[PDB]
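Summary of structural features
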Amino acid sequence: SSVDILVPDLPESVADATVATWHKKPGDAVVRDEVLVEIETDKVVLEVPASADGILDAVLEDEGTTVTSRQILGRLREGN
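Listed under the method field of the entry is solution NMR.

Spelled out as structure tokens, the structure:
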């Protein structure tokens, strides 16, 4: 159980992108509103709002990693 967050904000272009910068500390713990990282889809930076936990445990896209509209920023923590 982790923040399985990706970039499903595919608007109208798939020229790759970049995780400008997350907003979750190492193993944080949000509640009803987690981090909202900021990627780069060519002028359109989407976000990544989890919904709880957010404990940064596995960020496979640590700010800068290359990603697009469908890849995965990484997984953190979760429950349920």
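**Observations regarding the overall build of the protein**
A tally of helices and strands in the protein yields zero helices and four strands. Ordering the α and β elements of the protein from the N terminus gives β-β-β-β. The C-alpha extent of the protein, read off along each of the three principal axes, is 35 × 20 × 15 Å. Relative to its 80 residues, the protein shows a buried fraction of 34%. In the protein, the share of contacts with a sequence separation of at least 24, taken over all contacts with a separation of at least 6, comes to 60%.

**Considerations on the environment of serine 51**
The topology assignment puts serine 51 in the loop between β2 (17-18) and β3 (66-67). By relative accessible area, which is 46% here, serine 51 ends up partly exposed. Considered as a pair, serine 51 and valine 30 are 21 residues apart in the sequence and their alpha carbons are 7.7 Å apart. Residues within four places of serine 51 in sequence aside, it is in contact with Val30, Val31, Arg32, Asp33, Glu34 and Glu78.

**Brief notes about the environment of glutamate 12**
For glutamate 12, the position within the fold is in the loop between β1 (5-6) and β2. Classification of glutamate 12 by relative accessible area gives exposed; the value is 80%. Linking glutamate 12 and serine 69, residues 57 residues apart in sequence, is a C-alpha distance of 9.5 Å.

**Structural notes on the side chain of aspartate 53**
Relative to the elements of secondary structure, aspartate 53 occurs in the loop between β2 and β3. Buried within the structure, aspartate 53 lacks any salt-bridge partner; its nearest side chain of opposite charge belongs to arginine 77, at an N-O separation of 4.9 Å. Here the side chain of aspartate 53 touches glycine 79 through a polar contact of 3.2 Å, landing on its backbone nitrogen. In this structure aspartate 53 touches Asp28, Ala29, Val30, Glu34, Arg77, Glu78 and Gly79, once residues within four positions along its chain are discounted.

**A look at the nonpolar core**
In terms of nonpolar packing, the biggest core is built from 17 residues, with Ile5, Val19, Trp22, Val37, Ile39, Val48 and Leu73 touching the most fellow members. Residue contacts for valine 19: discarding those within four places in its chain leaves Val37, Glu38, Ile39, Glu61, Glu63, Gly64, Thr65, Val67 and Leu73.

**Here we look at the environment of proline 11**
If you trace the backbone, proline 11 turns up in the loop between β1 and β2. Classification of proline 11 by relative accessible area gives partly exposed; the value is 44%. Note: C-alpha distance between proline 11 and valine 44 (33 residues apart in sequence) is 8.8 Å.

Criteria and thresholds
- Residues numbered from 1 in each chain as written, not as in the entry; some residues may be left out.
- Heavy atoms only, no water.
- Helix = DSSP H or I, 4+ residues; strand = E, 2+ residues; numbered from the N terminus.
- Buried < 20%, exposed > 50% of the residue type's maximum accessible area, 1.4 Å probe, protein only.
- Contact = heavy atoms within 4.5 Å.
- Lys, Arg positive; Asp, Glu negative; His and termini not counted.
- Salt bridge = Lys/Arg side-chain N within 4 Å of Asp/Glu carboxyl O.
- Polar contact = N/O pair within 3.5 Å; in protein donor to acceptor, adjacent residues only side chain to side chain.
- Core = buried A, V, L, I, M, F, W, Y, C linked by side-chain atoms within 4.5 Å.

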